[PDB]
């Protein structure tokens, strides 16, 4: 089997196809044209983009394939270091931190974070309750204020107070500008041109701001002796059951930077796409709003009431089906192997999983793959293995999955209990790409149902 390949630019091969603000959407269009697998070549590199459940189920075999750091992850590693997301599976600090942090992220741990999540969710509802007639909501802006504040308070008992300001925290200015520079460098065909010298100075200054501010939070907590039930305490106190070793202060810094990036870029996208799909599908909004009214019978939602929001959970999974907010992950072949009885790979060969194309595989989902239908997720047991992968694969899957879904279910539940929503501009979906996807310029009007907190 001779693999399809998209159009080429002489010595640059396929590299200029990623010279776009929307690289994942460009690759999705290539997938639609070429099918379940295509080769992508750059000077000094080759990867293969996978779109079918048939081939992705093989790529998800951990005995054959392991997590690869894509070029983007190698650039983020310059500030995220050997934190869980930018570490190789074979680095000592990956398994150590995984073993130490897994119990901090379990479904049972969510009982402990619930009160803090409610504190921030109530601030969002009170902001929207206090808007004047015909003012509107900047949805991804307010969802990012919420998710950043939530990880701040659950992560290290720190209040970013995002609802009190329009200008970001100094840590966040440097973090956003570092992420943008990392993503900007992917397309850069000539990195050493002194026209990029300024970008280079700004990056080193941003890395130094993040390192200095997180190193101070760690030193401050060690100085205070405070045992708050948060990730920083779990990381200062925890021993890996395997090595019997704790994490060192440098790695703790990288984990905090990692979790702050995740808290800014991830759940906020999911919540924005979920609200987009509800205002575009008013019958689906009615079903989710009915569930919220029937279930959330107290002014403060309980942990148990959030677990009871089955249809709200189905809405979130259907948003993740169409627009998985972390849309691609990279693997390498552990040994020589043959993919799908047709494509021979050598040890070291790279694969990319295109999660939005996986989630549109008609052999799995049927012919209506573009329709927003939460009822696809009524019965978890009816989804085949490796057909739905918004949180990645195996031991390198998302450690934050339970945290992300608990926060999103709680917040979306309270939003549907407290307000009616209007797509007052007839918003045209415009997907901005960083590491993650968000609907840029998505705005709505909310009308209070006047239910007290």
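Take the two forms, superpose them, and find the largest set of C-alpha atoms that agree within 1.5 Å; that set is the rigid core. Residue numbers count along the first chain shown, from 1.
Line up the rigid core: which moves more in 9 other deposited structures of this protein, 170-178 or 252-260, by C-alpha RMS?
Once the core is superposed, the stretch further away in 9 other deposited structures of this protein is 170-178.
To spell it out: superpose each other structure in 9 other deposited structures of this protein onto this one by the rigid core, compute Cα RMS over structures and residues for 277-285 and for 264-272. Which is larger?
Clearly, after the core fit, the stretch farther away in 9 other deposited structures of this protein is 264-272.
I need to verify one thing: averaged over C-alpha atoms only, is the B-factor higher for 278-286 or for 220-228?
Mean CA B-factor is higher for 220-228.
Mean temperature factor over C-alpha atoms, higher-scoring stretch between 81-89 and 246-254
Comparing 81-89 with 246-254, the higher average CA B-factor belongs to 246-254.
For the C-alpha B-factor as written in the entry, point me to the maximum among 123, 150, 308, 167.
In this record, 167 carries the highest C-alpha B-factor of the candidates.
Have a look at 340, 356, 103, 374 and flag the one whose Cα has the highest B-factor in the entry.
Among 340, 356, 103, 374, the highest C-alpha B-factor in the entry belongs to 340.
By the record's CA B-factor, is residue 35 among the lowest, middle or highest third of residues in the chain?
Ranked within chain, residue 35 CA B lands in the middle tercile.
Among the modelled residues of its chain, does the C-alpha B-factor of residue 48 lie in the lowest, middle or highest third?
Residue 48: CA B-factor falls in the middle third of its chain.
Once the chain's modelled residues are ordered by C-alpha B factor and cut into thirds, is residue 444 in the lowest, middle or highest one?
Middle third by C-alpha B-factor.
If you rank the chain by CA B-factor, which third does residue 54 end up in: lowest, middle or highest?
Residue 54: CA B-factor falls in the highest third of its chain.
Quick one: classify residue 99 as lowest, middle or highest third of the chain based on its Cα B-factor.
Residue 99: CA B-factor falls in the lowest third of its chain.
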